[PDB]
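We begin with a single chain expressed as C-alpha cells, specifically the form deposited in one PDB entry.
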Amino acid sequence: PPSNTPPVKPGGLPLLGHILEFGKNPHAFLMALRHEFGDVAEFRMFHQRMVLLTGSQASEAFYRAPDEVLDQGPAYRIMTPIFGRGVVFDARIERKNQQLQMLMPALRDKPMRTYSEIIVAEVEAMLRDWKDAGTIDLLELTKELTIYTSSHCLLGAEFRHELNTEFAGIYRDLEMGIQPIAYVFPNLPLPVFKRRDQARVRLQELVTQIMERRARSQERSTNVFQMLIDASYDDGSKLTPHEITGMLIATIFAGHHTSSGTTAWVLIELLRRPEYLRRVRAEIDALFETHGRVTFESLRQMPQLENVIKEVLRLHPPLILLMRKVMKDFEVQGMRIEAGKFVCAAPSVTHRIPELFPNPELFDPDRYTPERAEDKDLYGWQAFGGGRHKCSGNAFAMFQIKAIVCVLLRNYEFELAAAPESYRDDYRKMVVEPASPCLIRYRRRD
C-alpha cells in the first residue's frame, strides 16, 4: 500500500536530470512543469529530486512548515564563505533565528524615518552630477543608487565617505565569489575564491575598527550596524565582529539586486504605459504640493505607486526559486514528500495562475485596490516569500523604491531608448533583473 506521491517529469539525462533544459529558461521550464503535472510536480536536478509547489494550497504547506521540516540551509551553501562559518543559516536553527530576529527591528518601524531622509538625500545628491539631458543604462543607475542608499542605511556614513573606494572593491570581490562551483559548495579554493575570502577578512577588520572608533567616540548613528552592536542574544552575550560582518553582508546581498532590479522594472513598466506614468506623476506632484518635500509621512500613503510596485513584483519577482531540504516526511495536498528530498516555491509561476490573478499576463495595478487579489489570499502573491522566513526588509524595500522613483520622476523626464517590447527579464541570472543592455533617455523636467 504505497502512499500517493507527486508525479515525476519523464527524465532527461542520467547524472544531469533536467538541469540543462531548466538552465536554458528556469521560468519557461517551471511554467511547463506545472502546466503538465499540476500543483505538486517532481523533477531531478543532477542527483537531487526537486518538487515544485505552486498554487495557494501547496504554497501554504511551504511557507508554514516548521524550520524542522524544511531547512533553508543548503539553498545558501554557496554564500557561507561570504557570510562566514556558523554566522547565519550555517548557524544552529535556534542561534540562526535570534540573529534574524535582531535584524527585523533594524529594517522596520523607528529607523524607517531616518532611512527615508538618507535615501532621498542620496538620490538628490547624485542627481546634481547630471548633464541637462543624456542617455544612461537604467539597470546600472538603480544598482549604483541602491548600493549607496543600502550601505549608508545598513553600514553608516563611514562606508559612504572614508571607506567608499575600499568598500566598493570588497563588495565586488565578495560578489565575484558567487560562482556555481562554490554554489555546489564542494571545493572552496580557486583564484577568484581567495580574492573573495581576502575581501570578507578585510571587511571584518573594517567593522571592528568602526565598532571600537564609535565606542571611544560617543557617535550614535541610526544604521543596522549600530543596532547589531546594541543587540544581544537571550544569553545577554553580544555579537562578535565575525557575526556582525556576516549579517550585514547577508542583508546587503538580500536587498541589493532585488531592489535595484525592481526599481528598474517600475520605471520601465511606467515608461511603456503612459496611462500609469500619469497616475504616478499626478500622485508625486500632488505629494510635493501637499508636503513641499519628500518626507517619511508622504512616502507612507502613495497608493497609485504602491499598487504599481505590487504589480511589477507580481510580473517580475527577482527570486523565482525558493529552495528547501525536506528533513521530515510532510504531506502537500494529499501527496507525501519523502525526507531527503528538496521542495521549492516559484513566485513567477504562482503569480500567473488565472484562478488567483484573472488575466495573469495583463499588467493591472488595480488588482491591489480594496477589491483585491493580494490580500484575501496570503500564499498567492508571494514576491517577498511568506511564513516565519518572509523578507525582514519588505518595508525597507518599499520605501527605498518609492523614494528613488519619487525623486527621479520629479526632477527628470525619461523615455525608453529601444522598442517597448524589447525590454525582457533575463531569467538566466541568480537574481532576475531586466536584460543587461537596458538604455533610457533623461532630460531635466520642465
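When you see a residue number, it is the position in the sequence shown, counting from 1. Think of the rigid core as the biggest set of C-alphas that the two forms share within 1.5 Å after superposition.
One more form of this protein, deposited in another entry, exists but is not displayed; see below.
- Compared between the shown form and the other one on the core, the listed residues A157, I181, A339, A133 keep their C-alpha shifts below 2 Å, save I181.
- Relative to the superposed rigid core, the position of the CA of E361 differs between the shown form and the other one by less than 2 Å.
- After superposing the rigid core, the C-alpha of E297 moves by 2 Å or more between the shown form and the other one.
- In a rigid-core overlay of the protein, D285 has its C-alpha displaced by under 2 Å between the shown form and the other one.
- The pair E297 and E413 is tighter in that other deposited form: their Cα-Cα distance falls by no less than 3 Å compared with this form.
- Whereas the displayed form keeps them at a certain spacing, the CA atoms of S298 and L313 lie at least 3 angstroms closer in that other deposited form.
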